[PDB]
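Descriptive analysis of the structure
The lines below spell out each chain.
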Amino acid sequence: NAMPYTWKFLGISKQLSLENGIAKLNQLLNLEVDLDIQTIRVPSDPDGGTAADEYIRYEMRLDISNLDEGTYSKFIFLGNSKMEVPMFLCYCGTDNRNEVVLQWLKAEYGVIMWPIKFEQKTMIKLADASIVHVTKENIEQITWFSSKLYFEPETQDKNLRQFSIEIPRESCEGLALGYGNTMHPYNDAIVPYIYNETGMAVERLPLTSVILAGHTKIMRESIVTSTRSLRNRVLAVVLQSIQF
Amino acid sequence: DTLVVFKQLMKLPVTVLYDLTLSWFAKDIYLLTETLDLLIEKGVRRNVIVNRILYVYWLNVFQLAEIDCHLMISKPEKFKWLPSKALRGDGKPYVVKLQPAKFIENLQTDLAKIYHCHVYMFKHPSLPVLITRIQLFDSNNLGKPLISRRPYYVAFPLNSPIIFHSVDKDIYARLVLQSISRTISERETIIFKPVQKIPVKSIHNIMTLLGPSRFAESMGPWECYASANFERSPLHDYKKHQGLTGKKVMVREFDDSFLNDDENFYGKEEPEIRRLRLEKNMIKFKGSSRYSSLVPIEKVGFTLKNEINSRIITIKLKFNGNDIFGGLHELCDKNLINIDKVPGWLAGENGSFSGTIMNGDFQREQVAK
Amino acid sequence: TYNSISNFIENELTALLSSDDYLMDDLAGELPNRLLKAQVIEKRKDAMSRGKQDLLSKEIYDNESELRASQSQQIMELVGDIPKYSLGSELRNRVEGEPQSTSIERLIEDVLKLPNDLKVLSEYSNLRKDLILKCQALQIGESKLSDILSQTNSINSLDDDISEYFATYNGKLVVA
Amino acid sequence: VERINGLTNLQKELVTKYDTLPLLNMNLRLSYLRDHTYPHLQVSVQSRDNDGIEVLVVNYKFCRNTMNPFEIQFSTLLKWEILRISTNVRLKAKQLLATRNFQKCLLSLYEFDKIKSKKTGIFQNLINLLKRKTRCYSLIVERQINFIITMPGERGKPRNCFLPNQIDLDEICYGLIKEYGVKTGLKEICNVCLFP
Amino acid sequence: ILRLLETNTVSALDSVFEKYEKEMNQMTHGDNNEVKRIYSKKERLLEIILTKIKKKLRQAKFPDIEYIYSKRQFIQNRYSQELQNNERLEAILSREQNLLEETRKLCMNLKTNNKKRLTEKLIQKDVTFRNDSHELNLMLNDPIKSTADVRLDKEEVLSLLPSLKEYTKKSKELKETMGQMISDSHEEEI
Amino acid sequence: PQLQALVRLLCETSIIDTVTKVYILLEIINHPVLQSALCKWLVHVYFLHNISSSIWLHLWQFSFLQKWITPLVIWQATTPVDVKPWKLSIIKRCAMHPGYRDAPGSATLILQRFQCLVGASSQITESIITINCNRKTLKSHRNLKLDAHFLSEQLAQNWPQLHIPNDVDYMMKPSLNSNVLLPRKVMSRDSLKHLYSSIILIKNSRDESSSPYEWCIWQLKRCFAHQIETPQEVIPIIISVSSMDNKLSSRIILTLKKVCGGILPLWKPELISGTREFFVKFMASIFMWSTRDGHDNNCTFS
Amino acid sequence: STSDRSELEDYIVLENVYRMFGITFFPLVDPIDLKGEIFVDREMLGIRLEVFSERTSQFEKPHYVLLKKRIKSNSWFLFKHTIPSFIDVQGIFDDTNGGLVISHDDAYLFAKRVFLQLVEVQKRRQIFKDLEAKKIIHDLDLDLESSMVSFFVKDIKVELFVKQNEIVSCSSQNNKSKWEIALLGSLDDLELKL
Amino acid sequence: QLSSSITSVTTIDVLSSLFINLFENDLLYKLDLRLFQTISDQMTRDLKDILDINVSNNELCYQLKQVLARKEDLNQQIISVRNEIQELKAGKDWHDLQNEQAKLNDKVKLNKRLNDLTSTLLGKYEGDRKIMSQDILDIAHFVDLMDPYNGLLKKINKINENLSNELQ
Amino acid sequence: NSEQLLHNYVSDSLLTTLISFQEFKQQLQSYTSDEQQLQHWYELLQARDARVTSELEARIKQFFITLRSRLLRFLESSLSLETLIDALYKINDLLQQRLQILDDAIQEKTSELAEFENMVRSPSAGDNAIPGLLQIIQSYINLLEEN
């Protein structure tokens, strides 16, 4: 909680492609906003089985005079038709334009909406999805930071309230290399590590909010970051989360 | 002043303690006994006893006449502490001490700050004496009385290594500590109290936690050594059933860890196995609304320097809360943390020392303020 | 500048009169309204005023003397760099009489006496030596008790070598 | 996932030890007992219903010594006798057992056996030197380093001051017994016998 | 201007009392004067002109002395006692800084003792007793740590000890007479 | 003519926003105002088929709830409120996923709400008409097996589910016999079928049973009073009589209400069985009558 | 059964005599033991600590001192225990053999040192709180380890400070010289003074 | 402000000066003369004194406050001094004095006694040729106590053991 | 108190006398007007605001006089040989007390060892012990020699 980009999430009933009525949104709010459309076949390192990677993140690129997150208010809409829930909506910032954007999104397509109070396995999965940094070679190296997995289990009588687990970056790489090699360091090493140490099934735990260092504050439902963008494999797994 | 003393004197019960206070406060006195007899049977108008004695028999010598408020709000617990050892340049301690030799530091601070008082006390379940110790310091305004600023407390138990002074961390706090360092020296012995763990709670659950008790380290999973709740004496046939005792088959298998970490399913077990889960929890954190701790530990921070593959592995682990380890059996009863792999140092045996364990070598981290 | 700042104070005090009649600013028309007799009277005044600086030279030394006297009362009331301790209570009050600690502190006062504090309380030292001699008599009393208890055992309690040697050699030669 | 009780056989409970208590009997109690208190002990029970009881304290370093008690209650406060002594000590034991308190008594008798043992264990490897060494009753026969074994009536546990151109030798030996160990103090006294 | 008229009345009365002092001074510096009825009538005329000026001042009301002495003396005395306290604490830090440099000098003297034990071991260059003394149990003896010699104890030996040692010599001769009998029991097993 | 026709309905109402919202949604299928938007839901059902309104519910709302949804209760309440008083298309389409997620990881609390939706849905048994005995018998069997499987609270929830779905399906068959065109034949079919399934349930619930007593009582009354008020089921006299060996099991049991139900079944049987044949069915019926009369001459104490 | 129930009762009476021996050891293992083959990589001696009274001639609440195998090298350094901290464990522990304690006999004499260190505390409380507390009417009170002890003789308040059963302090030249004495002289001098 | 009473003093000075001109025009009047000029100048310097005394106290108030801060420096300072004088008896308890009496007596006192003893018996290096006697109550006690009980019973049962050898 | 003395000095005994020095110029020098110089004294030395100049003089001179008292503090930082002899006498006395205590307890140990054991061992006889010893010894030696 020292980073600005707040990214509340939202799911979509059925996919409708967007470039048809971008004139309609630009009509209603009178402000030219780019819609970018681009295929990405994440898992871009192909260890996912190559199953329906048609991922076309639609980028309502609210590119006006950059004075706020109410001025830069980029959206990302990732879609896959061959998955049951097809599509979700992210949105950054705190603009009031987004309200009529989503209102129109309900309206003109006839789709129904719900937020995502996602869960523990979710938080861990996208947690270590956050640290694979995208390379131009697309063989993607592994960054590291320092976890601070704040919980807040209520018990009876507020007796425990809140108890941290913090890991230096050194120990992140330690349990990485001692595993050894992966692209899933958390579920492969770290939560197996601390299960073997403190016997804390952090999967089963009432987690509330993993912080990773200087880089995100994943919360109960609302990933917050320090980048004007979200990594695409992160977006992939958050699409993967809601599915069945 | 009168508002402050009314906030104090409303916290009191009445019964005859007010009678004895006002008795020695009045040190007329023949028939004052028959004033107070009637006011014992008219011990009814409870709050306005305060101002009526405070006006009939009413900050220079008055200090002991108010400090019995501290003497009797020692009844409750509300305030806090922190402990401090008493070394000698070798790690040998002592605090073997005759009581009335406190005129010594009275005179010694009187050499350095102005005229002054401090009643001693004696708690009466738990055997320290404690020193309510009001620093009369100043008198300025930019009217002839002096300021009684901040009653700093020093309680020390009988024959410990430990004293626990109160928590202020000031240039008068450390001054009175600096005095009471030297006035307990008495032999050109060297005292120089260093500090331990920073947070705290109240008196009984600081001395049973540490000091001159028998739990010096006896707590956690070990209170059956604290109490002597088995292996009674030379008796004969109690020990036969004590050599014919129960147990779960809480198997230490790795396949059992597969059964516990993985393999989540329904109830599927009778109340015996449910009971045995519950006393696995109980024996892990106590050793027998019941589900509190013994002692309120309030916040701790553990550490964990494993070394693995000749390479250090360091997780820090801070807690917070309002009482932890009781919280942890009340968490672990929900089968949330997988009890057999709960090591002792966060099972809670150390009594609130945020130590930095490493390969089973729990410590303290001296860590002066 | 003890009385020198006050000397310049009184000098600047009279220098108003000096600069006034020296300029003769009002004295030019004051003959109309002391030719130089006015300034003669002025240094008469200032020679009179030097009694105040005589009082300065008095009272400054009075003040410094009484503060030196207060310093003397301080060193007489405190220990004159004497940290000596349990005798340092003993000369003012009895506490308990620890013969262990009084003995050991007595083994540290005898360091470099000739080779302060009221001739180091030779009377209290004599009182401690008298008390130790009293304890020495108290120990010698039990020593006499032991002597008289052991002496009543010595008086009550208080050839054949070769004979038994020949008998044992004969036992060897008659049994072996 | 069974739930049986446990009186013996390590393996079972050594699996199912989720507590922390004294372990349990099987012998690993009594093996630790006997094997980590070296001279032995025997009994017979003789119950009543308040319990007269015997014991056979096998004092056991090289030459035996024993003892036997009297009754208790099942609250363990009753009275006790000695009914068999070995004659290696006759009346020093009665100096001890003049008073009661078997803890101190037994310990001394125990540590006293270890004292006799270490007394001999020093004497043999000082006799090992093959110079003019001669033999004495309890000290040495060269040039008279004796030492008592007091088994006193002051502190309850037997202490042993020493004896070794007389007072001079006393302060010198008290000096040298603070640097190089008791097992080498004979080697030091050898050094002031060997060259000068 | 009620406060103005009040302060004017008080100040004029103080000037009237000082005028009485000045009238006594002029009478002492006078030729021959002892009546002062003209002085009392002049005080009356001054009060009359003072009331007339008070009328003129209340008319032109165009809008504190012993109070001044009191508050000034109040803060002077507070400042002086504050200064007394200052030199008291200055006395105590002077005493203890004297002590600090004393013990600092003595710890430097301990460092000279370190160099001296190097030199004193250089003149003649040539632990487990705790474990053994509690392995067995032994005793120690220390009538030492006194700079004066203790073999001249025969001053205060006089209490009972020479009688003691003579009777022990008597018991020594008695045990010699008892230990005559050992002549059978020298080498019965050697 | 629905432009001006719905505008005439606006002349009869006060709710232009929902009119134009029909002409262009989730506000409506969330909720003068409430009854007016309810009529808008009706009008959307009119102007649609059932798609653009119903698809909301009959996919996404229960298929949140099979995973999770926050309040979880008012949504399902409005879900049943929509689909129950409405089309058999919504009913059967919902019931497809109902039986499937039943056989799949059933959530066992949402399936109560889907059971209520079925309980009004004589639409469901109506619109199927082909092999409902297949589908509903399979669903009942799957619930019985999985109730015993998550049984072996476990047993109380086995009782709760396998009895409560039974009672709801029995109410559904009661509605089917209220229609009874071919639902009479299917009513005989599923009636005897679920009677047998609950009978084997009572074979797993002999001396330990709580709710299933009321279930079998419901089944018996749904036979008996239906046959009494409708004596047209003479071809279904086999079905009306068919409680024989199960009735031995039923009189084989406190079962005061069970006996009361058996008394009712037998009394209406003896009434409307005087017109029956005195050889095969009514011989067994009167045989049971004699056995129960002997049980009555034993009940004169016992 | 009762086949070897007599054998068990024989063993526990053997245990009972072995624990009036005082210091004993007894195995235990805390559940840190990986691998029905089962490693144990940390082992506990565990030293129960038992004192015999005289005033009741009972045994007390025993103390307990339980150390454990250090991970690295075959040592025995301390772990949780309970004797009240007016007695040190740690310094008097690691005093013995430089803290480098490996065998069991050095461990034994460790607990021996602890034991008698405990027991004369028990002895002098057993002097004061019993003998002249009850023979003499005395109105006594005292510290946890008997070191500021104050009372009526019968009449008046006398404090005295104690050390290794030898009186040091006292609370008159008569008074002071009669009481800077040894403990066995204390009861005798209160017999004599009256 | 005080300008009002200043103006009143000016008016009183003017009128008193007119009366002074009348008195000195005819001359007695010395007393009245000094009376009203004392009135005038006393009023002036008293109003002047009270106003600048207000100024002086209003500033030395806060110079006093500055010396109160000086007292605060005193208290922090004596904390630090007493602190360091306290743990300077910790480093004097430390290794310095400990190694002092751990090597001083070691290689001075005991080696003194040892070299004195070697000067004695090396100076008479013929000890194995001269004396060997290092030139008692303990031998007195254990011999005189082992004789009358242990020697007696040991001898009589050893002779009875010889009787057991003789008969059996 | 010292500051009180010093401002009392500087205020009273200096400035009141300076005001007296002002007013005595009207009285006895002549009979002239004798006030012109008084207002010129006013106008000129109204740079001595005498309260403020007095307090500045105080807050200089009192302070360096206290510095001078700090300087003149240093004074210390025959017939004592009799007490030195008394101290050496008590040194011998208490060293003797320690040595006599050790010898007293050792002799008491000899007493408790000897007297109690030799008395209550043979039931308090002290008869001619070695005579009976040698008699039975010679008899047993004759019996063994015959054996």
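Residues numbered from 1 in each chain as written, not as in the entry; some residues may be left out. Chains lettered and ligands numbered in written order. Heavy atoms only, no water. Residues with missing side-chain atoms left out of burial classes, pairs and counts.

**As for the packing of helix α4 (residues 102-127) of chain D against helix α6 (residues 182-194) of chain D**
All names here are of chain D. Put simply, the rule is: Here, axes are lines fitted to C-alpha atoms. For helices the fit covers the stretch in contact, and angles between N-to-C directions go from 0 to 180 degrees. Helix numbering and strand numbering both begin at the N terminus, where a helix is a DSSP run of H or I of at least 4 residues and a strand a DSSP run of E of at least 2. Throughout, a crossing is termed right-handed when the near helix is turned clockwise from the far one, and left-handed when it is turned anticlockwise from it by less than a right angle. It only takes one pair of heavy atoms within 4.5 Å for two residues to be counted as in contact. Side-chain classes are defined by residue name, with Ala, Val, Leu, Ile, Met, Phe, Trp, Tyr, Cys and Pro counting as nonpolar, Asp, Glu, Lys and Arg as charged, and the others, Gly among them, as polar.
Here α4 crosses α6 at 35°, and the two axes come no closer than 10 Å. Judged by the sense of rotation from one axis to the other, the crossing of α4 with α6 is right-handed. Contacts between α4 and α6 pair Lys118, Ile122, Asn125 and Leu126 from the former with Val182, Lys183 and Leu186 from the latter. Here the contact of α4 with α6 is composed, by residue class, of 4 nonpolar, 1 polar and 2 charged.

**Here's the deal with the packing of aromatic side chains**
Put simply, the rule reads: For this analysis, a ring pair means two rings from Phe, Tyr or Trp (six-membered ring only for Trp) whose centres lie within 6.5 Å, classed as stacked if their planes differ by under 30 degrees, edge-to-face if by over 60, and tilted for the remaining angles. Two thresholds decide whether a charge sits over a ring: the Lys NZ or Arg CZ must be within 6 Å of the ring centre and within 35 degrees of the ring normal.
Both rings, one in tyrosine 225 of chain B and one in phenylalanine 230 of chain B, keep their centres 6.0 Å apart while their planes meet at 55°; by these two values the pair is tilted. With centroids separated by 5.9 Å and ring planes inclined at 65°, the aromatic side chains of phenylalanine 123 of chain D and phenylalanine 147 of chain D adopt a geometry described as edge-to-face. A connected cluster of aromatic rings, assembled from ring pairs, spans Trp222, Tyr225 and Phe230 of chain B together with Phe26, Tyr64 and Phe79 of chain G. Here the guanidinium or amino end of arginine 48 of chain G rests over the ring plane of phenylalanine 26 of chain G, the centre of that ring lying 4.5 Å away. Its guanidinium or amino end placed over the ring of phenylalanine 77 of chain G, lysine 68 of chain G lies 3.5 Å from that ring's centre, counting from NZ or CZ.

**Looking at the arrangement of the chains**
With 18 pairs of chains in contact, the largest contact count belongs to chains D and G. A gap remains between chain B and chain F, which never touch, and the nearest two C-alpha atoms on either side lie 7 Å apart. Nothing in chain A touches chain H; the tightest C-alpha to C-alpha distance between them is still 37 Å.

**Focus on the pairing of strand β3 (residues 148-157) of chain B**
Residue and element names in this part refer to chain B. Formally: For two strands to be treated as a pair, DSSP must find no fewer than two bridges joining them.
Summarising the sheet, strand β2 (residues 128-136) and β3 pair through 8 bridges and their orientation is antiparallel. Residue pairing across strands places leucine 130 opposite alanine 155, the latter belonging to β3. Taking the residues between adjacent antiparallel strands as the criterion, β3 and strand β4 (residues 163-165) are bridged by 5 residues, where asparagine 159 takes a positive phi near 65°.

**Topic: the sheet that holds strand β7 (residues 356-357) of chain B**
Residue and element names in this part refer to chain B. Strands sit in the order β6-β5-β7 across an open sheet of 3 strands; the sheet is mixed. What marks the edges here is a single partner per strand, and that holds for β6 (312-318) and β7. Pairing between strand β5 (residues 301-307) and β7: 2 bridges, direction parallel. Residue pairing in the sheet places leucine 304 in a bridge with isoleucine 357 of β7.

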